Amino acid sequence: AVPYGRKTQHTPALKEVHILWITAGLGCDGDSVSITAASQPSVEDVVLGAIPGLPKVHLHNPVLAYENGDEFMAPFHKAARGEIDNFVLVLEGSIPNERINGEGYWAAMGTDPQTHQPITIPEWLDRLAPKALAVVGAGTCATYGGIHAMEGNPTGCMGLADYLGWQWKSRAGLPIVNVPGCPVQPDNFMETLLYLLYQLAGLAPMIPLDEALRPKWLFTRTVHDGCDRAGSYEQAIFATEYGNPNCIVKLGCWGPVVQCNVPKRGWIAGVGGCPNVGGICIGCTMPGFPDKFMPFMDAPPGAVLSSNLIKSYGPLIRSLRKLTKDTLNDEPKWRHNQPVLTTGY
Amino acid sequence: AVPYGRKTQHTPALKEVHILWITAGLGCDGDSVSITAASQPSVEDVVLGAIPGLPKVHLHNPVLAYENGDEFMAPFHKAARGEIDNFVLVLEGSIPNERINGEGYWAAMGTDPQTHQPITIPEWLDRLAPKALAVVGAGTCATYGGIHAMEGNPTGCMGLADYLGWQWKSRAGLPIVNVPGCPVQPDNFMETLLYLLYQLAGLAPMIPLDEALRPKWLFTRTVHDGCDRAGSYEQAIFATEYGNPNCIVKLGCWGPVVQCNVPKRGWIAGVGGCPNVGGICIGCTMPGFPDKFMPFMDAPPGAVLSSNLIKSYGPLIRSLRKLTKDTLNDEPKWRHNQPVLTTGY
Amino acid sequence: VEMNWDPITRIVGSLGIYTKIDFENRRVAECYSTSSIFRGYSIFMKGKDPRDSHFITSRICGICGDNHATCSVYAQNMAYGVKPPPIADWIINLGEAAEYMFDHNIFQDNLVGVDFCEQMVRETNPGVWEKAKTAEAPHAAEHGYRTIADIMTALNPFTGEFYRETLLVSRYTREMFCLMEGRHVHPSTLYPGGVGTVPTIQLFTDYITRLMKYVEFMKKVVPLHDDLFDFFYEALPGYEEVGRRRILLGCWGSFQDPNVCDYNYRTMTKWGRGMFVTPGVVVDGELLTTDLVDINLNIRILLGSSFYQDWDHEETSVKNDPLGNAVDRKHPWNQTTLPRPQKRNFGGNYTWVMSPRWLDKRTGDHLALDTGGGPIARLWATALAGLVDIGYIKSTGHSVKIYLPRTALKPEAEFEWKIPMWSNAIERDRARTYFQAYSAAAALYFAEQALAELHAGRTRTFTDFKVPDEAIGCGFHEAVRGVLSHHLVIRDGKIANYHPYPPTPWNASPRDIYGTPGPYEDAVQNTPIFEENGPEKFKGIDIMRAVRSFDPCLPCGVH
Ligand code: NFU
Ligand code: SF4
Ligand code: SF4
Ligand code: SF4
Ligand code: SF4
Ligand code: SF4
Ligand code: SF4
């Protein structure tokens, strides 16, 4: 009864995988909420294993989980002991500085019966991190510290690299995987997770990351490289007020120097965006975010130099486009309802 | 039993509307097949009145029609007998010159109930157009003559405005409504069609159109002003072969002088397009199409000029941005797990 | 018996519920709620440019951030003395309406729904499952589910037909949202003085097209949930008692009228009224205020049970409002957050969540006003006002009339939400579904207004402004989970003080100095135990159904 063609069905190198999702870092749960917007692939696509041949995925995420309280945490505590040999660690939110304390906590999950003492995020990390197949950073907070690692913050928090080391490799040789963004672009994360499910199954090579440990195929090109308002930039036409359809670099957009794919990719099903729809890029996917971008609605100094640049040839190269567009908005002479044919036949 | 909300529902100026869709032009039915792909609004959305307060829609289109043959042509014949008043005439395909014949025909749809001869496209237009509430051209063939009004074509065909006259008006005051594109972009047409359904219900002003009888809000801006490769254009980075992610003007793209929203808008549900995904723009929405654009894969003459010029400041501004991006890939110094906080708090 | 669950899942943020429950009598003696995350927005916001507020405050939460951005942009509008073009606030309303439609739908049928699904009911009340199979749903004609037991199975996570569907519904409602505000949850096109969204006939076409699909979906979902909730009222007579409290409801208004709103503190009384969700404190079955200035001045943040040192000896910044009124010290405008990290102890100090209360001028009481969800608080206030006349939404006095016109496959529908007589867990959840129809209804009206502005040609979307060297500002806006306020202070052209107070902060708060319980506590205390299990395997679903009714959101709660 075993149908010919099942021979195309090859068992994954890793039969199953556990995804331990810590949302109790310093942050909102925006990256968890965001990924439920994905379609390429969707989050139910991944759990129900819509794409065959990949490891069976077990998703342990507080926001969606069926288990509750102490039973939800049970898989977390088990892995800590070394009982689990197939879990990837996902952090969402930044890592608090607990050394500046103290007899308290900035962030925590799992009150523990060991002493009736809440575990801190730093304890969880170097408890699970060195036993994991891979550690994933979900959101600019967990990757680089983000908005909460702002100048003047009380917690003195940081990203996963700050805490573990930028050269830190997992027990399976996988460097820290950083998927930045605030929040993470839905498809971006699901593309990266899917890539990891492929790599672990044996069907793909080591995930190509960059120096900041970002997925190359998502974060190499800059925002400006994919912005459709870039025409009006070349032609020296810059928006005077928000809402205008032209380039908004003088209005706050850091797009020319930020590594993000949103304008090119869209936010949800091609719909959303930032500067391509009149929202200035505030550089939310960068390590320097947000301090190296504020005040947001001010022009980037670099833009000021390049904006003020005199492109003399501008208005006449803008002329032949006009002149050429006019010859192209008129039909050839042989299109008429006259008694004789004049096409050339 | 009438609820208060009913006061919000208003009766459309025109209670019902017929759309007579003559596909028997020198066309290929691609514009018809195309609008089935739309979703904003969908064809079945219009047919079932998803949006309240609009004229009841009876769509008479051969590709979808339940009715067959003589029953399908019934409402057509009845409208040429002046026995139908609220119908909109849509044409798809080029209008042929039947004056260089002769016995026979280039194109025919119905059959003459008396002479029992095929009815030519010009004959259908004379009987229907002056009675129609509005005359809509669907596709570049029906608007400007399109690919079939090419140099050397045996039928000597043309577009609506050519046959009926550029300042032609219906008996409701509406000018010829040209919707260019080869094929028409799915949501482009349904939006035009939807606008007309709003106007007839007296819920919106006359359809704003340009001197070529194109909807303004759809065909004002050029391909270029909405191309997410414009970025690589401004930074003078042009592809030299075809699978290349940067500007392709040197390879055939007419985007800078072509009026179309495709790259900005996507093809279907934001997914496709032309130069934005690596397919040169061949100006298929322009009166000059296709003759003024051939050969397609040769770079347009006006292109050679533009590309050379901006090779000047290209290098500097590129390195300015690369250096700035470097600074942005570095976190602020106050992110670390040291014993003492250094954030400012 | 000491039964506690921490962290609580299927909510946003890390929450912990510790309790003392009397099994022998089926009662909950005490209760104590606690968060575990502190980020300190009020702290690092100080000294920053005011123009950055809405971008930063949006990150307060990953599910409702657009509400803070909106609420923040409201306040800057006040401070900078600027009124954005009329079309810009229609756009912002259309965006926020989609935010309601998205959030309540994802939360109702994917987070709180799991509490009602087969798998849970067959782990909590194996008997009720047996009962459920033979109960035919009163509205199977509208939602196609024959029995309540079928509906329940349709909610099993990932396998349930309706579970999987609402995920889809949360995507195109977010698409809608993104058409108006750029991206979700943190907006990109929102600014003080207007928006960056380009108004075209396409923009409103793509929104209306998706809206109509959400409307028809609600014709199915309203009856679908009434039947499931009416069931528990019939299945377990008295269950109404679970998660109930005195009618202590807050509603600080929602969608705004550019015809009237100029964003001045003085005229704030007036255009406070004409908001398409009437603001007001309801207490209890009775309605006190039509005025936000009235309700604004009476807000006090207490600290009986929180990890802060209190700002006794910290300098005030605002003594009077822009209209001369007196301003309190424990009011957010004059608040100073001193974070005090310390060991947990439910005797006195056990939560990062402060204890906001309200002041009744009539009685001198500082009651723990709640939102309930808070689509429940919202609907209650508007019904009484009898002030909103939108057609799609109409206020009588005894109720509010929600009308949804004919879609492609269904005819008209009207949903009259009558005052529930009770403020319980189920009636909350019942309210959440009804407000989704409210949002969809309201959104239909805003789309009209917007198109007029567009057809008129008035398409400017931004009005220029200047940042004052000395100013104050208040933002009032109903978030998804209820009342949301943003109090801003500007000194030396910089942010001197900024405190956002979302709905959760109230609901999750502990008891004030006066010792009045935290809005969960009182609701989770008065909560009976209709459960069918004893402590040993007992998972305590009845308390969870109570906390989740409030629609908790701990990032908003501590910020
Ligand atoms: N809705 C909502 Fe939030 Ni995560 C709350 N509570 C707030 O403004
Ligand atoms: S990166 Fe942004 S969305 Fe994600 S946890 Fe941080 S503030 Fe939230
Ligand atoms: S709006 Fe931004 S990304 Fe777009 S072309 Fe301008 S500076 Fe570049
Ligand atoms: S602000 Fe910039 S980096 Fe952030 S999602 Fe938008 S385009 Fe990307
Ligand atoms: S405009 Fe193009 S798609 Fe339409 S009939 Fe002509 S050749 Fe076919
Ligand atoms: S590929 Fe074409 S439309 Fe695109 S930026 Fe280049 S010349 Fe312009
Ligand atoms: S070839 Fe040009 S005009 Fe035609 S669909 Fe493509 S972008 Fe539009």
# chains A, B, ... in the order shown; residues from 1 in each chain; ligands from 1
$ select_by_dssp --residues "segment 90-335 of chain A" --states "alpha helix (DSSP H)" --output "count of residues only"
69
$ calpha_fit_rmsd --fixed "chain A" --moving "chain B"
0.6 Å
$ residues_near_ligand --ligand "ligand 4" --cutoff "10 Å" --atoms "only C-alpha atoms and all ligand atoms" --output "ChimeraX atom specification"
/A:140,180-185,219,222-224,226-227,253-264,266-267,272-276,279-286,289 /C:182-184,186-188
$ interface_residues --of "chain A" --to "chain C" --cutoff "6 Å" --atoms "only C-alpha atoms" --output "list in words"
residues 28, 29, 30, 37, 62, 63, 64, 68, 69, 103, 104, 105, 106, 107, 108, 152, 153, 242, 243, 272, 273, 274, 278 and 279 of chain A
$ atom_distance --atom1 "atom CA of residue 276 of chain C" --atom2 "atom CA of residue 558 of chain C"
29.0 Å
$ closest_residue --among "A:39, A:244, A:342, A:337" --to "ligand 3" --atoms "only C-alpha atoms and all ligand atoms"
A:244
$ closest_residue --among "B:186, B:93, B:52, B:270" --to "chain A" --atoms "only C-alpha atoms"
B:270
$ residues_around --residues "residue 56 of chain B" --least-positions-apart "2" --cutoff "8 Å" --atoms "only C-alpha atoms" --output "list in words"
residues 15, 16, 17, 47, 49, 54 and 58 of chain B
$ closest_residue --among "A:296, A:96, A:173, A:248" --to "chain B" --atoms "only C-alpha atoms"
A:96
$ closest_atom_pairs --of "chain A" --to "ligand 6" --cutoff "9 Å" --atoms "only C-alpha atoms and all ligand atoms" --output "JSON lines"
{"residue": "A:228", "atom": "CA", "partner": "ligand 6", "partner_atom_place_in_ligand_line": "5 (S)", "distance": 8.2}
{"residue": "A:230", "atom": "CA", "partner": "ligand 6", "partner_atom_place_in_ligand_line": "5 (S)", "distance": 8.1}
{"residue": "A:231", "atom": "CA", "partner": "ligand 6", "partner_atom_place_in_ligand_line": "5 (S)", "distance": 6.9}
$ closest_residue --among "A:146, A:175, A:215, A:205" --to "chain B" --atoms "only C-alpha atoms"
A:146
$ atom_distance --atom1 "atom CA of residue 430 of chain C" --atom2 "atom CA of residue 232 of chain C"
11.6 Å
$ residues_around --residues "residue 305 of chain A" --least-positions-apart "3" --cutoff "12 Å" --atoms "only C-alpha atoms" --output "list in words"
residues 249, 250, 299, 300, 301, 302, 308, 309 and 310 of chain A; 316, 317, 320 and 321 of chain B
$ residues_around --residues "residue 329 of chain B" --least-positions-apart "2" --cutoff "7 Å" --atoms "only C-alpha atoms" --output "list in words"
residues 286, 287 and 288 of chain A; 325, 326, 327 and 331 of chain B
$ write_last_selection --atoms "C-alpha atoms" --output "short mmCIF file (atom, residue, chain, number, x, y, z; two decimals), in the first residue's frame"
data_model
loop_
_atom_site.label_atom_id
_atom_site.label_comp_id
_atom_site.auth_asym_id
_atom_site.auth_seq_id
_atom_site.Cartn_x
_atom_site.Cartn_y
_atom_site.Cartn_z
CA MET A 286 19.90 48.92 13.44
CA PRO A 287 22.23 48.51 16.44
CA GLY A 288 22.46 52.28 16.85
CA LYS B 325 25.92 52.94 7.91
CA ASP B 326 29.11 51.73 9.64
CA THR B 327 28.47 54.03 12.60
CA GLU B 331 25.61 49.94 19.47
#
$ closest_residue --among "B:118, B:138, B:99, B:123" --to "chain A" --atoms "only C-alpha atoms"
B:99
$ residues_around --residues "residue 503 of chain C" --least-positions-apart "5" --cutoff "12 Å" --atoms "only C-alpha atoms" --output "PyMOL selection string"
chain C and resi 64+67-68+249-252+353-357+368-375+377-378+476-486+508-509+519+550-558
$ write_last_selection --atoms "C-alpha atoms" --output "short mmCIF file (atom, residue, chain, number, x, y, z; two decimals), in the first residue's frame"
data_model
loop_
_atom_site.label_atom_id
_atom_site.label_comp_id
_atom_site.auth_asym_id
_atom_site.auth_seq_id
_atom_site.Cartn_x
_atom_site.Cartn_y
_atom_site.Cartn_z
CA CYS C 64 -1.86 48.04 21.16
CA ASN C 67 -3.13 53.43 20.53
CA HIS C 68 -0.26 55.04 22.41
CA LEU C 249 -16.44 51.78 34.47
CA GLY C 250 -14.11 54.19 32.71
CA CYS C 251 -14.47 55.43 29.16
CA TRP C 252 -12.45 58.39 27.93
CA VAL C 353 2.04 47.97 38.54
CA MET C 354 0.96 51.25 40.15
CA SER C 355 -2.51 51.70 41.65
CA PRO C 356 -4.51 54.31 39.69
CA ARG C 357 -7.86 55.32 41.16
CA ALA C 368 -10.87 51.38 41.63
CA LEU C 369 -12.54 52.21 38.32
CA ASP C 370 -12.14 49.48 35.71
CA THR C 371 -12.55 48.99 31.96
CA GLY C 372 -13.60 45.37 32.18
CA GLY C 373 -11.90 44.64 28.89
CA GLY C 374 -12.82 47.18 28.02
CA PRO C 375 -15.31 47.03 25.16
CA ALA C 377 -17.07 49.92 29.63
CA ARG C 378 -17.15 51.58 26.21
CA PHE C 476 -7.45 61.08 25.90
CA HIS C 477 -8.28 58.04 23.83
CA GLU C 478 -10.01 54.71 24.35
CA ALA C 479 -7.51 51.92 23.65
CA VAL C 480 -8.53 48.39 22.72
CA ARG C 481 -8.56 47.37 26.38
CA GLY C 482 -10.18 50.59 27.54
CA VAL C 483 -9.27 54.04 28.87
CA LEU C 484 -5.88 55.42 27.85
CA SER C 485 -4.37 58.75 28.91
CA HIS C 486 -1.15 60.52 27.93
CA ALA C 508 -3.92 44.78 37.15
CA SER C 509 -3.23 47.26 39.95
CA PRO C 519 -9.86 45.49 39.60
CA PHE C 550 -10.20 41.85 31.52
CA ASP C 551 -8.00 41.31 28.46
CA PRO C 552 -4.76 41.82 30.42
CA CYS C 553 -1.76 43.42 28.83
CA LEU C 554 1.24 43.69 31.13
CA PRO C 555 3.58 45.65 28.87
CA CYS C 556 0.93 48.40 28.93
CA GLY C 557 0.57 47.72 32.64
CA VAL C 558 4.08 48.56 33.81
#
